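So the structure is just underneath, and the comments pick up after that.
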Amino acid sequence: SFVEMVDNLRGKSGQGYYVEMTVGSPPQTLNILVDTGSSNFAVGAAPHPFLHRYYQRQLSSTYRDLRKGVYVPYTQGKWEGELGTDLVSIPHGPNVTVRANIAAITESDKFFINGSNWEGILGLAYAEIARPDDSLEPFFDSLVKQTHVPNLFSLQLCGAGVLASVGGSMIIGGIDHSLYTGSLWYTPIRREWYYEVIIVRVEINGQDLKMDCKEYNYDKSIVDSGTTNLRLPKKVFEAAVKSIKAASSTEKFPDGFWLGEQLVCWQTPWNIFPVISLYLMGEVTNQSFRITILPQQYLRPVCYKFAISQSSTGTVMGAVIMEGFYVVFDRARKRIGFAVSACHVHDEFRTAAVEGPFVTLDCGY
Ligand SMILES: N#CCCCOc1ccc(-c2ccc(-c3ccccc3Cl)n2Cc2cccc(N)n2)cc1
């Protein structure tokens, strides 16, 4: 039942959302980061200072070694592991068990987060970006292939409303209508590697940034639950900040705040910060729809930090964006739906919105 999947996500603010999963036989309980921005099922499988729990293959009667290694560097650090398969369940997702690939992380540099309370990552994106390569079938592909679970999942990330605790839901195999109000709007998945989408227009408080839309998707825009911030290409970030500074000129903040480095505290003038509208390409060529997020989303609690940051790898619509909405990763129809979340945080003057269509008279990069 979808009812039993509601609120199956937890996390700490800025440290991601995780779902409880079991691996192996007997079931080994682990908390797993729900990550639409990667495609590996990778779980700590060796002691680590930040890990209080980890996957123990030798305890699993159903573990099978793939006698294949996997190495994953990424500037900041890395993770390295040994590939195998084992039985996997999501106790509060579908009532099914799946033999999925597992990267048992045996060593990692700056991968695990201190106090996040998750022990692995569930990469929900496509095989194309899986490590070591696209032959390593991602978890969700195995799930759909092995079970009758419909090729669709939906994320309701609720945020907050010690680091603040966040809740949410991952509904696998369907759409839970009680999770959103109003209309579900779909934007095409441009390509099945990341959950790549097209942003055709953005405005800060109704004011168009007036950029060639290729700038919004340079070199790509993705929907990524494994990123906390709204990340924007340099040129768009600067214009966004400039425009947000202007609209909130009353009250001045250190540029260290706009840089997302330091917090700023009251004991909050929301109305001073503008709403941000992302226009996503519609299923119909020249149509688009906007998702409008409040400062309650792009100012996350710490006291808040500016949760909009610069990117050199294109737009990242992270949790900051997703927390306003019910997001449907309709993989069967290669599209992503956005609807106002039943849980999104808003005051008595503004509210996160999903509105369309908007029509125009080439945005992919
Ligand atoms: N939310 C939030 C905030 C908490 C951040 O939590 C984390 C903790 C760790 C990682 C991570 C380290 C290395 C990889 C990786 C790199 C390449 C291939 C496969 C993988 Cl697994 N990842 C996955 C990854 C990276 C970058 C973006 C996305 N979306 N996912 C990500 C987020």
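Residue numbering restarts at 1 in every chain; chains get A, B, ... in the order shown in the structure tokens, and ligands count up from 1 in that same order.
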
Quick one: which region 240-260 of chain A residues come within 9 Å of region 195-211 of chain A, and what is the nearest atom pair for each with the distance in Å to one decimal, counting only C-alpha atoms, rows ordered by chain and ascending number, as a Markdown table?
```
| residue | atom | partner | partner_atom | distance |
| --- | --- | --- | --- | --- |
| A:240 | CA | A:204 | CA | 7.1 |
| A:243 | CA | A:204 | CA | 6.6 |
| A:244 | CA | A:204 | CA | 6.9 |
| A:247 | CA | A:205 | CA | 8.0 |
```

Please return as a PDB file with N, CA, C and O atoms, in the first residue's frame the residues found within 8 Å of ligand 1, counting only C-alpha atoms and all ligand atoms.
```
ATOM      1  N   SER A  13      18.888  17.965   8.118  1.00  0.00           N
ATOM      2  CA  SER A  13      18.934  19.089   7.180  1.00  0.00           C
ATOM      3  C   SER A  13      20.308  19.250   6.526  1.00  0.00           C
ATOM      4  O   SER A  13      21.310  19.491   7.202  1.00  0.00           O
ATOM      5  N   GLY A  14      20.348  19.107   5.206  1.00  0.00           N
ATOM      6  CA  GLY A  14      21.584  19.256   4.467  1.00  0.00           C
ATOM      7  C   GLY A  14      22.393  17.975   4.387  1.00  0.00           C
ATOM      8  O   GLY A  14      23.472  17.944   3.801  1.00  0.00           O
ATOM      9  N   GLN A  15      21.882  16.907   4.976  1.00  0.00           N
ATOM     10  CA  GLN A  15      22.645  15.670   5.018  1.00  0.00           C
ATOM     11  C   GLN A  15      21.938  14.573   4.244  1.00  0.00           C
ATOM     12  O   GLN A  15      22.392  13.439   4.209  1.00  0.00           O
ATOM     13  N   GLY A  16      20.823  14.941   3.615  1.00  0.00           N
ATOM     14  CA  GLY A  16      20.113  14.066   2.705  1.00  0.00           C
ATOM     15  C   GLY A  16      18.936  13.359   3.341  1.00  0.00           C
ATOM     16  O   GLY A  16      18.771  13.364   4.556  1.00  0.00           O
ATOM     17  N   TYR A  17      18.114  12.749   2.499  1.00  0.00           N
ATOM     18  CA  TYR A  17      17.015  11.931   2.963  1.00  0.00           C
ATOM     19  C   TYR A  17      17.406  10.480   2.779  1.00  0.00           C
ATOM     20  O   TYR A  17      18.050  10.117   1.795  1.00  0.00           O
ATOM     21  N   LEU A  33      20.780   6.714   1.666  1.00  0.00           N
ATOM     22  CA  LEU A  33      20.512   7.983   1.001  1.00  0.00           C
ATOM     23  C   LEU A  33      19.748   7.756  -0.301  1.00  0.00           C
ATOM     24  O   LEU A  33      20.159   6.962  -1.150  1.00  0.00           O
ATOM     25  N   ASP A  35      19.051   8.872  -3.724  1.00  0.00           N
ATOM     26  CA  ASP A  35      19.855   9.719  -4.588  1.00  0.00           C
ATOM     27  C   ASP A  35      19.467   9.606  -6.051  1.00  0.00           C
ATOM     28  O   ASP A  35      19.869   8.659  -6.728  1.00  0.00           O
ATOM     29  N   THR A  36      18.700  10.575  -6.542  1.00  0.00           N
ATOM     30  CA  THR A  36      18.315  10.584  -7.950  1.00  0.00           C
ATOM     31  C   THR A  36      19.432  11.137  -8.845  1.00  0.00           C
ATOM     32  O   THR A  36      19.270  11.246 -10.054  1.00  0.00           O
ATOM     33  N   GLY A  37      20.561  11.494  -8.245  1.00  0.00           N
ATOM     34  CA  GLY A  37      21.667  12.061  -8.995  1.00  0.00           C
ATOM     35  C   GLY A  37      22.801  11.080  -9.231  1.00  0.00           C
ATOM     36  O   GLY A  37      23.846  11.448  -9.763  1.00  0.00           O
ATOM     37  N   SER A  38      22.609   9.835  -8.809  1.00  0.00           N
ATOM     38  CA  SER A  38      23.576   8.774  -9.083  1.00  0.00           C
ATOM     39  C   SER A  38      22.810   7.477  -9.308  1.00  0.00           C
ATOM     40  O   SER A  38      21.580   7.456  -9.205  1.00  0.00           O
ATOM     41  N   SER A  39      23.529   6.407  -9.630  1.00  0.00           N
ATOM     42  CA  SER A  39      22.884   5.193 -10.116  1.00  0.00           C
ATOM     43  C   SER A  39      23.401   3.904  -9.481  1.00  0.00           C
ATOM     44  O   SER A  39      22.981   2.808  -9.862  1.00  0.00           O
ATOM     45  N   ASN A  40      24.315   4.034  -8.522  1.00  0.00           N
ATOM     46  CA  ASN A  40      24.830   2.870  -7.810  1.00  0.00           C
ATOM     47  C   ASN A  40      24.126   2.628  -6.478  1.00  0.00           C
ATOM     48  O   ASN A  40      23.830   3.556  -5.727  1.00  0.00           O
ATOM     49  N   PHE A  41      23.850   1.368  -6.197  1.00  0.00           N
ATOM     50  CA  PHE A  41      23.522   0.972  -4.856  1.00  0.00           C
ATOM     51  C   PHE A  41      24.847   0.660  -4.157  1.00  0.00           C
ATOM     52  O   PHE A  41      25.457  -0.382  -4.384  1.00  0.00           O
ATOM     53  N   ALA A  42      25.298   1.601  -3.336  1.00  0.00           N
ATOM     54  CA  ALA A  42      26.587   1.508  -2.676  1.00  0.00           C
ATOM     55  C   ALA A  42      26.407   1.695  -1.168  1.00  0.00           C
ATOM     56  O   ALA A  42      25.885   2.706  -0.711  1.00  0.00           O
ATOM     57  N   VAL A  72      35.747   5.033  -7.309  1.00  0.00           N
ATOM     58  CA  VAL A  72      35.011   6.253  -7.613  1.00  0.00           C
ATOM     59  C   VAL A  72      35.620   7.498  -6.967  1.00  0.00           C
ATOM     60  O   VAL A  72      35.301   7.817  -5.823  1.00  0.00           O
ATOM     61  N   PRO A  73      36.510   8.194  -7.697  1.00  0.00           N
ATOM     62  CA  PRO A  73      37.051   9.491  -7.267  1.00  0.00           C
ATOM     63  C   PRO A  73      36.181  10.646  -7.757  1.00  0.00           C
ATOM     64  O   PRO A  73      35.434  10.474  -8.725  1.00  0.00           O
ATOM     65  N   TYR A  74      36.288  11.803  -7.104  1.00  0.00           N
ATOM     66  CA  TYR A  74      35.468  12.963  -7.454  1.00  0.00           C
ATOM     67  C   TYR A  74      35.957  14.266  -6.817  1.00  0.00           C
ATOM     68  O   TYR A  74      35.158  15.029  -6.274  1.00  0.00           O
ATOM     69  N   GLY A  77      36.977  13.650  -2.590  1.00  0.00           N
ATOM     70  CA  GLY A  77      37.418  12.387  -2.034  1.00  0.00           C
ATOM     71  C   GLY A  77      37.179  11.233  -2.984  1.00  0.00           C
ATOM     72  O   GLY A  77      37.399  11.356  -4.192  1.00  0.00           O
ATOM     73  N   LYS A  78      36.724  10.109  -2.437  1.00  0.00           N
ATOM     74  CA  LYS A  78      36.458   8.931  -3.247  1.00  0.00           C
ATOM     75  C   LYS A  78      35.700   7.869  -2.461  1.00  0.00           C
ATOM     76  O   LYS A  78      35.568   7.952  -1.238  1.00  0.00           O
ATOM     77  N   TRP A  79      35.185   6.877  -3.175  1.00  0.00           N
ATOM     78  CA  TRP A  79      34.805   5.626  -2.542  1.00  0.00           C
ATOM     79  C   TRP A  79      35.232   4.451  -3.412  1.00  0.00           C
ATOM     80  O   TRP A  79      35.262   4.533  -4.640  1.00  0.00           O
ATOM     81  N   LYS A 110      36.092  11.197   2.468  1.00  0.00           N
ATOM     82  CA  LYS A 110      35.047  12.217   2.447  1.00  0.00           C
ATOM     83  C   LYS A 110      33.820  11.802   1.634  1.00  0.00           C
ATOM     84  O   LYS A 110      33.366  12.533   0.757  1.00  0.00           O
ATOM     85  N   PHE A 111      33.290  10.621   1.930  1.00  0.00           N
ATOM     86  CA  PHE A 111      32.080  10.142   1.277  1.00  0.00           C
ATOM     87  C   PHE A 111      30.938  10.141   2.282  1.00  0.00           C
ATOM     88  O   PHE A 111      29.902  10.772   2.073  1.00  0.00           O
ATOM     89  N   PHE A 112      31.139   9.425   3.380  1.00  0.00           N
ATOM     90  CA  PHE A 112      30.145   9.383   4.438  1.00  0.00           C
ATOM     91  C   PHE A 112      30.130  10.692   5.211  1.00  0.00           C
ATOM     92  O   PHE A 112      31.155  11.364   5.358  1.00  0.00           O
ATOM     93  N   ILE A 113      28.955  11.050   5.704  1.00  0.00           N
ATOM     94  CA  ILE A 113      28.797  12.300   6.419  1.00  0.00           C
ATOM     95  C   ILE A 113      28.638  12.031   7.908  1.00  0.00           C
ATOM     96  O   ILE A 113      27.870  11.156   8.327  1.00  0.00           O
ATOM     97  N   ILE A 121      24.192   4.601  -0.253  1.00  0.00           N
ATOM     98  CA  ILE A 121      23.508   5.424  -1.235  1.00  0.00           C
ATOM     99  C   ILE A 121      22.701   4.549  -2.185  1.00  0.00           C
ATOM    100  O   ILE A 121      23.171   3.515  -2.671  1.00  0.00           O
ATOM    101  N   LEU A 122      21.463   4.961  -2.413  1.00  0.00           N
ATOM    102  CA  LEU A 122      20.615   4.325  -3.398  1.00  0.00           C
ATOM    103  C   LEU A 122      20.525   5.250  -4.604  1.00  0.00           C
ATOM    104  O   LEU A 122      19.714   6.192  -4.624  1.00  0.00           O
ATOM    105  N   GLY A 123      21.373   4.991  -5.596  1.00  0.00           N
ATOM    106  CA  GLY A 123      21.395   5.782  -6.811  1.00  0.00           C
ATOM    107  C   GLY A 123      20.212   5.404  -7.674  1.00  0.00           C
ATOM    108  O   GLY A 123      20.127   4.286  -8.178  1.00  0.00           O
ATOM    109  N   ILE A 129      25.258   6.281 -16.128  1.00  0.00           N
ATOM    110  CA  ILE A 129      26.238   6.921 -15.265  1.00  0.00           C
ATOM    111  C   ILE A 129      26.669   6.004 -14.105  1.00  0.00           C
ATOM    112  O   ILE A 129      27.401   6.426 -13.198  1.00  0.00           O
ATOM    113  N   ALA A 130      26.235   4.746 -14.147  1.00  0.00           N
ATOM    114  CA  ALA A 130      26.617   3.789 -13.111  1.00  0.00           C
ATOM    115  C   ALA A 130      28.096   3.446 -13.214  1.00  0.00           C
ATOM    116  O   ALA A 130      28.670   3.452 -14.303  1.00  0.00           O
ATOM    117  N   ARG A 131      28.710   3.174 -12.069  1.00  0.00           N
ATOM    118  CA  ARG A 131      30.096   2.727 -12.011  1.00  0.00           C
ATOM    119  C   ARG A 131      30.094   1.225 -11.766  1.00  0.00           C
ATOM    120  O   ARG A 131      29.235   0.725 -11.046  1.00  0.00           O
ATOM    121  N   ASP A 224      17.976  16.303  -8.653  1.00  0.00           N
ATOM    122  CA  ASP A 224      18.896  15.524  -7.835  1.00  0.00           C
ATOM    123  C   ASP A 224      18.588  15.625  -6.348  1.00  0.00           C
ATOM    124  O   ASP A 224      18.923  16.620  -5.709  1.00  0.00           O
ATOM    125  N   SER A 225      17.952  14.584  -5.809  1.00  0.00           N
ATOM    126  CA  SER A 225      17.610  14.513  -4.392  1.00  0.00           C
ATOM    127  C   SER A 225      18.857  14.378  -3.503  1.00  0.00           C
ATOM    128  O   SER A 225      18.797  14.614  -2.292  1.00  0.00           O
ATOM    129  N   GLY A 226      19.984  14.011  -4.114  1.00  0.00           N
ATOM    130  CA  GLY A 226      21.235  13.840  -3.394  1.00  0.00           C
ATOM    131  C   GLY A 226      22.051  15.119  -3.305  1.00  0.00           C
ATOM    132  O   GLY A 226      23.187  15.126  -2.825  1.00  0.00           O
ATOM    133  N   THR A 227      21.474  16.208  -3.791  1.00  0.00           N
ATOM    134  CA  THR A 227      22.075  17.529  -3.641  1.00  0.00           C
ATOM    135  C   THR A 227      21.095  18.361  -2.841  1.00  0.00           C
ATOM    136  O   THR A 227      19.910  18.383  -3.154  1.00  0.00           O
ATOM    137  N   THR A 228      21.569  19.025  -1.797  1.00  0.00           N
ATOM    138  CA  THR A 228      20.659  19.821  -0.978  1.00  0.00           C
ATOM    139  C   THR A 228      20.276  21.147  -1.649  1.00  0.00           C
ATOM    140  O   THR A 228      19.121  21.572  -1.568  1.00  0.00           O
ATOM    141  N   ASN A 229      21.233  21.778  -2.327  1.00  0.00           N
ATOM    142  CA  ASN A 229      21.037  23.127  -2.867  1.00  0.00           C
ATOM    143  C   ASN A 229      20.401  23.192  -4.245  1.00  0.00           C
ATOM    144  O   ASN A 229      20.379  22.216  -4.990  1.00  0.00           O
ATOM    145  N   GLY A 318      18.182  20.440  -6.490  1.00  0.00           N
ATOM    146  CA  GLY A 318      18.299  19.591  -5.321  1.00  0.00           C
ATOM    147  C   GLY A 318      17.091  19.704  -4.408  1.00  0.00           C
ATOM    148  O   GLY A 318      16.070  20.285  -4.784  1.00  0.00           O
ATOM    149  N   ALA A 319      17.210  19.154  -3.206  1.00  0.00           N
ATOM    150  CA  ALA A 319      16.111  19.151  -2.231  1.00  0.00           C
ATOM    151  C   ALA A 319      15.442  20.522  -2.037  1.00  0.00           C
ATOM    152  O   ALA A 319      14.221  20.614  -1.930  1.00  0.00           O
TER     153      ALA A 319
END
```

Exercise. Could you name the residues that touch residue 152 (chain A) at 9 Å or less, counting only C-alpha atoms, but leaving out those on the same chain fewer than 5 positions away, as a VMD selection string?
Worked result: chain A and resid 144 171 to 175 328 to 333

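CA of residue 221 (chain A) is found 15.2 Å from CA of residue 126 (chain A).
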
Exercise. Using only C-alpha atoms, which of the listed residues (A:49, A:26, A:150, A:138) sits closest to residue 107 (chain A)?
Worked result: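 Ranking A:49, A:26, A:150, A:138 by distance to residue 107 (chain A), first place goes to A:49.
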
For this session: Have a look at A:24, A:353, A:133, A:48 and name the one nearest to residue 71 (chain A); count only C-alpha atoms.
Result: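 Residue with the minimum atom-to-atom distance to residue 71 (chain A): A:133.
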
Problem set entry | Contact residues around residue 314 (chain A) with only C-alpha atoms at 7 Å, ignoring same-chain residues under 6 positions, as a PyMOL selection string | chain A and resi 217-221+232-233

For the selection just defined, write its residues with C-alpha atoms to a file, as a PDB file, in the first residue's frame.
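Contents of selection26.pdb, freshly written:
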```pdb
ATOM      1  CA  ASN A 217      20.955  24.039 -18.920  1.00  0.00           C
ATOM      2  CA  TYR A 218      24.663  24.572 -19.359  1.00  0.00           C
ATOM      3  CA  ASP A 219      25.811  21.974 -19.545  1.00  0.00           C
ATOM      4  CA  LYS A 220      22.731  20.192 -18.185  1.00  0.00           C
ATOM      5  CA  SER A 221      19.956  20.526 -15.646  1.00  0.00           C
ATOM      6  CA  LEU A 232      23.067  27.166 -10.953  1.00  0.00           C
ATOM      7  CA  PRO A 233      25.599  27.643 -13.743  1.00  0.00           C
TER       8      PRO A 233
END
```

For region 94-97 of chain A, work out the shell of residues within 10 Å, counting only C-alpha atoms and skipping chain neighbours fewer than 4 positions away, then give it as a compact mmCIF listing (two decimals) with N, CA, C and O atoms, in the first residue's frame.
```txt
# COMPACT_ATOMS: atom_id res chain seq x y z
N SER A 1 0.84 -1.20 0.00
CA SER A 1 0.00 0.00 0.00
C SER A 1 0.87 1.25 0.00
O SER A 1 1.96 1.24 0.58
N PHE A 2 0.40 2.31 -0.65
CA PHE A 2 1.13 3.58 -0.64
C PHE A 2 1.07 4.21 0.74
O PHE A 2 2.02 4.87 1.17
N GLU A 4 1.49 2.80 3.49
CA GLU A 4 2.57 2.27 4.30
C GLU A 4 3.93 2.81 3.86
O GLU A 4 4.93 2.66 4.57
N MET A 5 3.96 3.47 2.70
CA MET A 5 5.19 4.11 2.22
C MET A 5 5.29 5.56 2.68
O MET A 5 6.37 6.15 2.64
N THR A 22 16.86 -3.21 3.84
CA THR A 22 17.60 -4.37 4.34
C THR A 22 18.39 -5.00 3.22
O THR A 22 17.95 -5.04 2.06
N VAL A 23 19.57 -5.50 3.57
CA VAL A 23 20.39 -6.22 2.63
C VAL A 23 20.80 -7.57 3.21
O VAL A 23 21.05 -7.69 4.40
N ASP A 86 23.00 -9.16 -3.74
CA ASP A 86 22.36 -9.71 -2.56
C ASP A 86 20.89 -9.38 -2.61
O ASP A 86 20.45 -8.59 -3.46
N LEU A 87 20.13 -9.99 -1.71
CA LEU A 87 18.71 -9.70 -1.61
C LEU A 87 18.50 -8.37 -0.90
O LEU A 87 19.10 -8.11 0.15
N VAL A 88 17.64 -7.54 -1.48
CA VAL A 88 17.39 -6.22 -0.95
C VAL A 88 15.89 -6.01 -0.77
O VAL A 88 15.09 -6.37 -1.64
N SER A 89 15.51 -5.45 0.37
CA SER A 89 14.12 -5.05 0.58
C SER A 89 14.07 -3.61 1.09
O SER A 89 15.02 -3.11 1.70
N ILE A 90 12.94 -2.96 0.83
CA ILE A 90 12.63 -1.69 1.45
C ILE A 90 11.43 -1.95 2.34
O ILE A 90 10.31 -2.05 1.86
N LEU A 143 14.73 -3.86 -9.63
CA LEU A 143 13.43 -3.88 -8.98
C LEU A 143 12.29 -4.08 -9.99
O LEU A 143 11.44 -4.96 -9.84
N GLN A 146 12.52 -7.51 -11.95
CA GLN A 146 12.27 -8.72 -11.16
C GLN A 146 10.87 -8.77 -10.54
O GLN A 146 10.37 -9.84 -10.21
N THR A 147 10.24 -7.62 -10.41
CA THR A 147 8.92 -7.56 -9.80
C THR A 147 7.92 -6.90 -10.75
O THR A 147 8.28 -6.41 -11.82
N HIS A 148 6.65 -6.89 -10.37
CA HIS A 148 5.66 -6.23 -11.21
C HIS A 148 5.52 -4.75 -10.86
O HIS A 148 4.60 -4.07 -11.33
N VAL A 149 6.43 -4.25 -10.03
CA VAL A 149 6.42 -2.83 -9.65
C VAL A 149 6.48 -1.93 -10.89
O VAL A 149 7.41 -2.03 -11.71
N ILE A 171 7.45 7.05 -2.76
CA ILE A 171 6.43 6.11 -3.22
C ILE A 171 6.94 5.42 -4.48
O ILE A 171 7.08 6.04 -5.54
N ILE A 172 7.23 4.14 -4.36
CA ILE A 172 7.69 3.38 -5.51
C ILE A 172 6.51 2.67 -6.16
O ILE A 172 5.67 2.09 -5.47
N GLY A 173 6.44 2.76 -7.50
CA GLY A 173 5.44 2.05 -8.27
C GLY A 173 4.17 2.82 -8.51
O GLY A 173 3.21 2.28 -9.07
```

Problem set entry | Long-range neighbours of residue 265 (chain A) as a ChimeraX atom specification, 10 Å cut-off, only C-alpha atoms, 4 positions minimum in chain | /A:301-305

Serialized selection, N, CA, C and O atoms, as a PDB file, in the first residue's frame:
```pdb
ATOM      1  N   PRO A 301      17.378  25.976   7.420  1.00  0.00           N
ATOM      2  CA  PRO A 301      17.730  26.155   8.835  1.00  0.00           C
ATOM      3  C   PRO A 301      19.095  25.566   9.194  1.00  0.00           C
ATOM      4  O   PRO A 301      19.507  24.557   8.617  1.00  0.00           O
ATOM      5  N   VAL A 302      19.784  26.202  10.140  1.00  0.00           N
ATOM      6  CA  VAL A 302      21.076  25.707  10.615  1.00  0.00           C
ATOM      7  C   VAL A 302      21.065  25.361  12.108  1.00  0.00           C
ATOM      8  O   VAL A 302      20.015  25.341  12.760  1.00  0.00           O
ATOM      9  N   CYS A 303      18.365  30.967  12.368  1.00  0.00           N
ATOM     10  CA  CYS A 303      19.602  30.765  11.610  1.00  0.00           C
ATOM     11  C   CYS A 303      19.416  29.980  10.310  1.00  0.00           C
ATOM     12  O   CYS A 303      19.023  28.809  10.324  1.00  0.00           O
ATOM     13  N   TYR A 304      19.724  30.627   9.189  1.00  0.00           N
ATOM     14  CA  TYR A 304      19.587  30.005   7.876  1.00  0.00           C
ATOM     15  C   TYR A 304      20.852  30.135   7.040  1.00  0.00           C
ATOM     16  O   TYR A 304      21.663  31.038   7.253  1.00  0.00           O
ATOM     17  N   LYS A 305      21.007  29.227   6.083  1.00  0.00           N
ATOM     18  CA  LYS A 305      22.029  29.361   5.053  1.00  0.00           C
ATOM     19  C   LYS A 305      21.368  29.525   3.691  1.00  0.00           C
ATOM     20  O   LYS A 305      20.357  28.881   3.400  1.00  0.00           O
TER      21      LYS A 305
END
```

Problem set entry | Pick from A:178, A:108, A:142, A:31 nearest to residue 3 (chain A), counting only C-alpha atoms |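 Closest to residue 3 (chain A), using only C-alpha atoms: A:178.
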
For this session: Write out as a list in words all residues of region 3-238 of chain A that DSSP puts in alpha helix (DSSP H) for this structure's backbone.
Result: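 Alpha helix (DSSP H) members of region 3-238 of chain A, listed: residues 139, 140, 141, 142, 143, 144, 145, 146, 234, 235, 236, 237 and 238 of chain A.
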
Seminar exercise, completed: In terms of only C-alpha atoms, the residue from A:348, A:109, A:261, A:355 at minimal distance from residue 292 (chain A) is A:355
